[PDB]
């Protein structure tokens, strides 16, 4: 009944300017009214300002902004933890996907038995030793998964993080651009995923059925939905940093969100990677933002049948 909205204008998990304007873009697309109309009591935390870190040199000549991303996530986790502890379902607007380190950490701080539904073209599970880009937004899951920590070096600014997710407690949906070390990780740790190919075969209804059976088939658990807008086909969500052809249709995305709502267990949601500056037109920017609002609203009960 109660929803907290937090703007997290992270951009330092990656290298493209503009994703810090995602939260404003999503708000301007009418998020707050849409949620209110659904009966959500709202607490708006506004857009957070994160503490800068002087001299945040690369880590290992490769990983960018680790102290800045680490500290921003620590601060974000504090806000998320507080909101969830006060009884709010916590919606965080990104910002790049490295913020999931903070939202999931903060969420788990109040709800340790949470499970994660990760909707994304990408697995975001590179470690600092496997990333080819050095961009933390392609690594957040590696810092969160319990089974991987012997393979994850300690980054400056990251010491506060305690891995809070087990490999059996996250399911990916949407995957179509997975790096070879990520594929190894997913297979070696038996992490379950439904790639676009699996969706082509099963259909989104069976995908959602199987996802919930894996995560909440044995017991009810609070659900953390981490939704990267690039899960959608680039024709629908062009304003994003790493678009990949052959993504979710509009209807598939809504269906995912509807099924999330239908569990009655949604406890926190990330909507990340909307970058209005990468739109070639104001129309492309607005449609991406409108789509983000649609995902969030559907996750909190908007239906297509009244």
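Numbering follows the first chain given and starts at 1. Between two forms, the rigid core is defined as the largest C-alpha subset superposing within 1.5 Å.
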property: More variable segment, 239 to 247 or 49 to 57 [Cα RMS over structures in 8 other deposited structures of this protein, core-superposed]; result: 49 to 57
property: RMS Cα shift after core superposition in 8 other deposited structures of this protein, winner of 252 to 260 and 58 to 66; result: 58 to 66
property: Segment of higher mean CA temperature factor, 150 to 158 or 198 to 206; result: 150 to 158
property: Stretch with the greater mean C-alpha B-factor as recorded in the entry, comparing 82 to 90 against 127 to 135; result: 82 to 90
property: C-alpha B-factor winner, where the candidates are 58, 26, 244, 257; result: 58
property: Residue selected from 249, 263, 51, 65 by maximal Cα B factor; result: 51
property: Chain-relative CA temperature factor third for residue 46; result: highest
property: Residue 290, C-alpha B-factor rank within chain (lowest, middle or highest third); result: lowest
property: Position of residue 216 among the chain's modelled residues by C-alpha B-factor, lowest, middle or highest third; result: lowest
property: Assigned third (lowest, middle, highest) for the C-alpha B factor of residue 13; result: lowest
property: CA B-factor placement of residue 271, once the chain's modelled residues are sorted into thirds; result: lowest
